[PDB]
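Geometric and topological summary
These are the residues of each chain, in order.
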Amino acid sequence: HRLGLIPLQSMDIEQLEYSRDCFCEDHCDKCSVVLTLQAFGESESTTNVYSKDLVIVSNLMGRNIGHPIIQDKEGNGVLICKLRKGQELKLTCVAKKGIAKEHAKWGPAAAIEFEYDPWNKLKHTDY
Amino acid sequence: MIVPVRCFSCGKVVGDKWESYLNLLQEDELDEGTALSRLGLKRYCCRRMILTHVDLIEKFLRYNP
Amino acid sequence: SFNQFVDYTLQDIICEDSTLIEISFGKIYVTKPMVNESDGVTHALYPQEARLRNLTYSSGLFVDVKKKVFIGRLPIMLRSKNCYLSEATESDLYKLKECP
Amino acid sequence: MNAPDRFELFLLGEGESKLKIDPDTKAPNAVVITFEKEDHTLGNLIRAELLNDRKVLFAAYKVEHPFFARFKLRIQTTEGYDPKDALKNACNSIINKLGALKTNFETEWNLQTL
Amino acid sequence: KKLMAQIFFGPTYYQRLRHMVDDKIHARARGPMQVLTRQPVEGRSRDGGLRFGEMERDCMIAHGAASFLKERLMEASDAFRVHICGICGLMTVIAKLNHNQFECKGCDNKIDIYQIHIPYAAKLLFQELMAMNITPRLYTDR
Amino acid sequence: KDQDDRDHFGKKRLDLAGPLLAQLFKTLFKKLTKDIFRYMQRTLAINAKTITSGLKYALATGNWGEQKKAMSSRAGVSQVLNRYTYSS
Amino acid sequence: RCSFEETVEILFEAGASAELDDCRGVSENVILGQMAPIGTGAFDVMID
Amino acid sequence: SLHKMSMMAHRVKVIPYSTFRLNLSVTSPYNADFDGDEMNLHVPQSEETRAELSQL
Amino acid sequence: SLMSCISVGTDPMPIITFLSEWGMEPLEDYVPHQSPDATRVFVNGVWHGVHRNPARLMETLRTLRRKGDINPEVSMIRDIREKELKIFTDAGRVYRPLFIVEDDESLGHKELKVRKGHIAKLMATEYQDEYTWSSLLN
Amino acid sequence: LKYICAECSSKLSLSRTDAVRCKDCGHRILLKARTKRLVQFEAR
Amino acid sequence: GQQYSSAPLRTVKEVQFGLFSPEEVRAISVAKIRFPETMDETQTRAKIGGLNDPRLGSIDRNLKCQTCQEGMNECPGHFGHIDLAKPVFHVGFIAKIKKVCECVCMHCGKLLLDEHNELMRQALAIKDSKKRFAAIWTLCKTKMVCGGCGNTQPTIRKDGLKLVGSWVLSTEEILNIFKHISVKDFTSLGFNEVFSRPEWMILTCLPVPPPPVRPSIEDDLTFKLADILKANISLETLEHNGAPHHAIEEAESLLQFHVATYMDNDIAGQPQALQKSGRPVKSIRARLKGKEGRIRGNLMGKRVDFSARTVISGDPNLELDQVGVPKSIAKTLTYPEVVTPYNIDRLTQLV
Amino acid sequence: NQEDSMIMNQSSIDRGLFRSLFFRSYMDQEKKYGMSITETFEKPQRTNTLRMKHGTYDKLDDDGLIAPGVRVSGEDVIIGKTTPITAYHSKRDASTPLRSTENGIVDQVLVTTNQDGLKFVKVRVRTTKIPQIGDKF
DNA sequence: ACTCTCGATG
RNA sequence: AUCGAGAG
Ligand SMILES: [Mg+2]
Ligand SMILES: [Zn+2]
Ligand SMILES: [Zn+2]
Ligand SMILES: [Zn+2]
Ligand SMILES: [Zn+2]
Ligand SMILES: [Zn+2]
Ligand SMILES: [Zn+2]
């Protein structure tokens, strides 16, 4: 779930294709971006698993896409999980083009401020 | 459990802001309000998202299996 | 209430109300929670192991008989005197897979 | 469990056409058009742009049920004016305004810092 | 567009109770019956039916829907066919079917026999009464 | 002086695990020394299963007073620990 | 009457006195599982 | 089912999601809110009995 | 309720022995007509005799319980207008903790025995983790 | 098949007619290992 | 459904209640019950010629059942019968019987007052059986002395499951008394000619309910019938062999006990006759007593098919006479529709 | 949202609002008789066992259990046990099916001996329940 | 003296 | 079967 919510690079998303449109089996490089995640507890301290640990695997063939957004100051990004001493997390993510109408994870924006007539001169609101 | 990746209400990413929040709390010895304000959490929904959260995974990691 | 029952009441029950005509009963000793396996081995039972294996977290009663003996097993209230979790630290509980 | 698929909000079903034009039997020279896989985002805009055309007598959209992504738009125009042309003019006007808005926002963005 | 009345708006601690629909939802169109009463079993997990209670019956009476009341109490639940002696009016009939041998030891009846449709629970009631030295004799004429 | 208030909480007692286990154990143990009296008069072989199975039964079924349905404590003296919420 | 309160004893004293049941009562046709003389069943339908 | 209005014949409109959706103005004779309330639904098995439901 | 506890139950015999050795007449040596205003003393619903000058006895017992010599669980009831004294050591009694108000304050009025110093010691024990609830009770 | 212990990190492969207990441990609590046939998750 | 029968389909118009005459009981029965052993006999999955005969109804999902066959789904219950060593009391009639003995003196068998009496003319004038009996019982239980046969009628009181006399009544005695009341006296106190007689209230031989009444997954009724049979054979054993005085009477009262508690278990007598599991056991009387009883729980209201239940919610866009039905429920519940030329296409599509 | 009903933001729901985990344990045990008659844990085939379940057993392993990770649904068989009561059809079925109305993923499987030395098993199945129309708040 | 839903133990 | 908890 929280992997799904991770903000990925969607700049050249328009020259990517919907998996439902592509004539491939399941998914391919023309519709989806595959990135792996391999983390393991090493030190005695808690080993954090961020979004930077995600590694693009599929062939991007030039398109700026898939790279997890990191606006974090330290450069880590979204905190995905926390591992102990001998805890391992190994998985593979297949990212596809989607509309935020289908799931809020594909939401390109957050909060949009919107206000008209700050004096109630139209009288659309009875205070 | 663990800090929610994005805010429920709007959708702002607040998963990368947990550790920084803790640092602003203990390292700079600030109060919660100012710490939340510095992290760009102006709306009280996200402000809530971080302030209200309880990191339970730290207690879950106390087990060996 | 339970601790009062173990440390005081039990001895009263055994001593004050029982004598046959002879075999007089003496002091009552309450052990720590153990289990007599089908393997024959009797060993210390911890609450997590008791709940996982559908076992009964109980200790054994022992009475001195005159003219020693095992008379049965009493279920032990958790975090009581005759429980391992009473003198246990937080780290101990975390090692015993018991929530602090 | 009984919840419908998400893509059924924008992906057309089997045989379902995007627009269904129906001759309104109430008042003469009127029409009711069924928009499939669309919501208020399109309905409100088109309806509001139909009221700008002064040769349009009636224009109103409605979503009969929030469960389903579809809405009905009723249009009534003056005699000698086919309502489809009113819809087309409205649409083209919308597209033009949006294009101009895009160009304007771009030119305004090219003048900013930070 | 703006709303006329302004809205009371703010954070409030809500809790999610454990009564969820998919754990509650239930539907049955002819399922497993009980053995003693031959009626639909009790329970959602056992894929059972819902009790058409006494009050429901009273409502159907108040409406006047007699045929519906009969349907719920026969075709929907337990519907059974029994044979009745034309003499004593009891379920003594040894109805050897496929040979048309409708015997009745105790009245010597082989030609004056009847066939009725009753709920299996009614059959159970009548039998239990018969085992309790009581004869609920059933005649089919006024 | 008016009638005694029979709903006065001061003249009421709560019996917890202590007194309950006390009554139960008194019964089972008296039963034990009874059976041991029988084994003695028949003539070290002491059936410890009495106390164990008795306590376990009463704690499991919630029916205080061993296997006798005449018990008015059938209202579930011991119940399953509700663990849906910590507060619960 | 047996379909309310005192059930068994009613059946007993009815079995002793050998009572005749008219079977035009509602609960009686309910027991027998027949269409009771209620509203819809308060008459007969034939063909002419 | 206190009175006869506790059992009424409705027309079926098959819908998504796992709830019995009813009209607001029918809340009163059933005496029901939606704070977890459950309702039952029976189905006729012949023409005459569904005629009974629809006409009575 | 959050602070309610149930009485474990203790032995009433030392309390009896204390009563008899503190100016209490045996019930078998009671003559009502020559001492009508004598407070009768009850222990667990048992009349062990009467006692004159009940105030001193009551303050004594109270002081003992507040010190700890008598189990704090034990309840002591002084009924003035009925001239009775009921001491309960019964198990199953639901009790609750209360602040003690005594007018021993010289430079003032009726004040709480507990002071901000005690509270400071409590919070000191809290921050350090030697002064707990038992220290307040004793 | 194979099973892993509960209160220690091991990897027993004792099939049927073996069962309890563990290898160099002493406790009888045995968990079963994860399947090799991976399962997909719709990240939603 | 089931199958085709040559018999015409009719409707129950009348229900004539009555008592079960031992004659008709043993005439109706198709199997005598000699052995208390249920099914298994010396490690054999069969049925001994005692209790639960295959004649009463087979119980193994077979295709045979007392030659009548028709499996076990069509064939109802075929009643049996068991003869008691001595006649016993029917519990539910204990009162009524005790009343009759007060309306008629001992040995003889005649009403205490006739048309010669003034008030008895008024008491016998009532046509209503219950009211007539109630009117006579109150004006006949005060008579001590007595047609002739002048004998001081004893004061009868109830004690457990027997009756006493003050100047202990035997069940055989009361049988012999009720056997001599004749027909004309029956009409005077409610009873009927061929349907219900006081000489049938007392249990000579009792009918045995078939396996479809007491199934096995053994039933409590089977255990109680085993108890009755055991007491009976024990009684016969203590009768045909060495028969002590103060030993067989206890066995008679034992058979009386088990038979009386076989039907009614919630009596004034504290012995509730528990079972092996400590259960108070389920009597026939308890099977019928509401609200979980047979009448109120299976007849007045019973579980039905083609039904559903769900959490409700409001919907402003539904018409008043509409109901939102979840898709799953819509697929579950079904309606039988006969193929007609009007709808054969639509039905073909649905199939 | 009339008559004590409420409207919930679906977007926030998609972001994990009020989601929950739901764990359920199914417990089974091998029986024992006086003459050493023991039920066994295995994956029985259609021909070797009576009755059987209408669900499939293809998710079971050699030991008659499910490997934790496999998604279960409908009336799948979680535990395979047989009780033996030459002759064809030599066993009775005693398998434990997944809850008819439930579904999800096998979280974790526990295999342990009893106090009397009886091999018994606790299987925990896990499902994520997401706030749907009809859920009580 | 209303319908449901589970859980326990024989 | 009974018992216990919960839903309107
Ligand atoms: Mg409500
Ligand atoms: Zn592709
Ligand atoms: Zn927000
Ligand atoms: Zn006949
Ligand atoms: Zn190990
Ligand atoms: Zn037959
Ligand atoms: Zn006479």
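Residues numbered from 1 in each chain as written, not as in the entry; some residues may be left out. Chains lettered and ligands numbered in written order. Part of a larger assembly, values for the part shown. Heavy atoms only, no water.

What the deposited record gives as its method is X-ray crystallography, and the resolution it gives is 3.401 Å.

This entry appears in the Protein Data Bank under the title "Pol II elongation complex with an abasic lesion at i+1 position".

**Brief notes about the packing of aromatic side chains**
Residues and elements named next belong to chain E. Spelled out, the test is: Only the six-membered ring of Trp is used, alongside the rings of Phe and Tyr, when aromatic pairs are assigned; centres must lie within 6.5 Å, and planes under 30 degrees apart are stacked while those over 60 apart are edge-to-face, with the rest tilted. Secondary structure elements follow DSSP: runs of H or I of four or more residues count as helices, runs of E of two or more count as strands, with numbering from the N terminus. To sort residues, take the accessible area from a 1.4 Å probe on protein chains only and compare it with the maximum for the residue type: under 20% means buried, over 50% means exposed, and anything in between is partly exposed.
All told, the structure shown has 20 aromatic pairs over all chains when counted by the stated rule. Summarising the aromatic geometry, the rings of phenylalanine 52 and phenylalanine 68 are spaced 6.3 Å apart at their centres and angled 55° between planes, so their arrangement reads as tilted. Separated by 16 residues along the polypeptide, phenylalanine 52 in strand 2 (residues 50–52) and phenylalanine 68 in helix 2 (residues 66–72) bring together distant segments of the chain. You'll find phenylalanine 52 and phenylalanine 68 in the same group, each marked buried.

**Side note on the protein's contact with RNA strand N**
Filter applied, for reference: A molecule or strand has a residue near it when one of that residue's heavy atoms lies within 4 Å. N or O atoms closer than or at 3.5 Å make up a polar contact, with two conditions inside protein: a donor-capable atom paired with an acceptor-capable one, and, for residues adjacent in sequence, both atoms drawn from side chains. Each residue is assigned to one class: nonpolar for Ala, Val, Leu, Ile, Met, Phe, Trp, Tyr, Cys and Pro, charged for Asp, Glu, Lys and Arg, and polar for all the others, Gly among them.
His19 of chain E, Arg74, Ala75, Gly76 and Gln79 of chain F, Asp33, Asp35 and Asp37 of chain H together with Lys136 of chain L make up every residue found near RNA strand N. Of everything in RNA strand N that lies within 4 Å of the protein, sugar and phosphate atoms constitute 100%. Between a sugar or linking oxygen of RNA strand N and a main-chain N or O atom of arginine 74 of chain F, the distance comes to 3.2 Å. Here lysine 136 of chain L contributes a side-chain N or O atom positioned 3.4 Å from a phosphate oxygen of RNA strand N. Residues that form the surface near RNA strand N fall into these classes: one nonpolar, three polar and five charged.

**Remarks on the coordination of the zinc ion (ligand 5)**
All names here are of chain J. To keep things clear, this is the line we draw: Any N, O or S atom lying within 2.8 Å of the metal counts as a donor, and for Na, K and Ca the limit rises to 3.2 Å; water is left out, so some sites can look incomplete.
Distances from the zinc ion (ligand 5) to its protein donors, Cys8 (SG), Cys22 (SG) and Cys25 (SG), fall at 2.4 to 2.5 Å. Between consecutive donors of the zinc ion (ligand 5), the numbers of intervening residues give the motif C-x13-C-x2-C. Here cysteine 22 lies in the loop between strand 1 (3–5) and strand 2 (30–32) and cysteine 8 lies in the loop between strand 1 and strand 2, a separation of 14 residues in the sequence. With a relative accessible area of 18%, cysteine 22 lands in the buried category.

**Let's talk about the UniProt feature "binding site: Zn(2+)" in chain J**
Residue and element names in this part refer to chain J. Rule in force here: UniProt positions are given in the numbering used here, feature names are shortened, and annotations may be inferred rather than shown by experiment. The criterion used for residue contact is that any of the two residues' heavy atoms lie within 4.5 Å.
UniProt tags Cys5, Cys8, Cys22 and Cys25 as "binding site: Zn(2+)". Across 21 residues, the annotated set stays spatially compact, with a maximum C-alpha separation of 9.4 Å. Since its relative accessible area comes to 27%, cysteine 8 is described here as partly exposed. Apart from the residues lying within four places of it in its own chain, the contact partners of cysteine 8 are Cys22 and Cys25. Residues contacting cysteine 22, with those up to four places away along its chain left out, are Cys5, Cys8, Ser10, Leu12 and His27.

**Digging into the sheet that holds strand 3 (residues 56–62) of chain D**
Residues and elements named next belong to chain D. We apply this condition: Being paired, for any two strands, means DSSP has found at least two bridges between them. Note on method: axes are straight lines fitted to C-alpha atoms, helices fitted across the in-contact stretch only, with angles between N-to-C directions ranging 0 to 180 degrees.
Read across the sheet, four strands follow the order 1-2-4-3 without closing on themselves; strand pairing throughout is antiparallel. Two strands in the sheet have a free side with no partner beyond their single neighbour: strand 1 (19–23) and strand 3. Shown here is a sheet whose adjacent strand axes are inclined to one another by a mean of 15°, direction ignored. For strand 1 and strand 2 (residues 30–36), the ladder comprises five bridges, and the chain directions are antiparallel. Its bridge partner lying in strand 2, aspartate 22 is registered against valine 32. Running over the sheet, helix 1 (residues 40–50) touches strand 2, strand 3 and strand 4 (70–77) and is turned about 170° from strand 3. Contacts between helix 2 (residues 83–109) and the sheet are confined to strand 1, strand 2, strand 3 and strand 4, with strand 4 contributing the most and set at about 115° to the helix.

**Things to note about the packing of helix 7 (residues 220–240) of chain K against helix 8 (residues 245–263) of chain K**
Between two packed helices, the angle of one axis relative to the other and the distance separating the axes together describe the packing. Residue and element names in this part refer to chain K. For clarity, the threshold we go by: Here the word oblique covers every angle except those under 35 degrees (roughly parallel), over 145 (roughly antiparallel) and from 65 to 115 (roughly perpendicular). In this scheme the handedness of a crossing depends on how the near helix is turned from the far one: anticlockwise by less than a right angle means left-handed, clockwise means right-handed.
Running from amino to carboxyl end, helix 7 crosses helix 8 at an angle of 160°, the nearest separation of the two axes being 9 Å. One finds that helix 7 runs roughly antiparallel with respect to helix 8. Seen along the crossing, helix 7 lies across helix 8 with a hand that is left-handed. Of helix 8, the residues touching helix 7 (which contributes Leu221, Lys224, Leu225, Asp227, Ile228, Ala231, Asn232, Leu235 and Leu238) are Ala247, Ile248, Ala251, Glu252, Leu254, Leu255, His258, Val259, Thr261 and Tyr262. For the contact of helix 7 with helix 8, the residue count by class is 13 nonpolar, three polar and three charged.

**Considering the pattern of salt bridges**
The line we're drawing: When a carboxyl oxygen of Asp or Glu is within 4 Å of a side-chain nitrogen of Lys or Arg, the pair counts as a salt bridge.
Using the criterion set out here, one finds 70 salt bridges over all chains in the structure. Measuring nitrogen to oxygen at the nearest pair gives 3.8 Å for the salt bridge that ties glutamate 90 of chain C to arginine 62 of chain B. Placement of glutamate 90 of chain C in helix 3 (residues 90–95) and of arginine 62 of chain B in the segment after helix 4 (57–60) is noted, with the two residues assigned to different chains. We classify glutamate 90 of chain C as partly exposed; its relative accessible area is 44%. One salt bridge connects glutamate 199 of chain K with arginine 197 of chain K, and the closest N-O pair in it is separated by 3.8 Å. A cluster of three or more residues bridged by salt bridges with shared partners is formed by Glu37, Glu49 and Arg53 of chain C together with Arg28 of chain J.

**A few points about the interface of chain K and chain E**
Selection rule: Using a 1.4 Å probe, buried area is obtained as the accessible area two parts lose upon being combined, added over both of them.
At the interface, 72 residues of chain K touch 76 residues of chain E. Surface buried jointly by chain K and chain E totals about 7,100 Å² across both partners, of which 58% is contributed by carbon and sulfur atoms. Interface area lost by chain K to chain E is led by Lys302, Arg303 and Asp305 of chain K, which between them contribute 12%. Remark: the boundary between chain K and chain E carries seven salt bridges. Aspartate 305 of chain K is the salt-bridge partner of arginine 28 of chain E, the closest N and O atoms lying 2.9 Å from each other.

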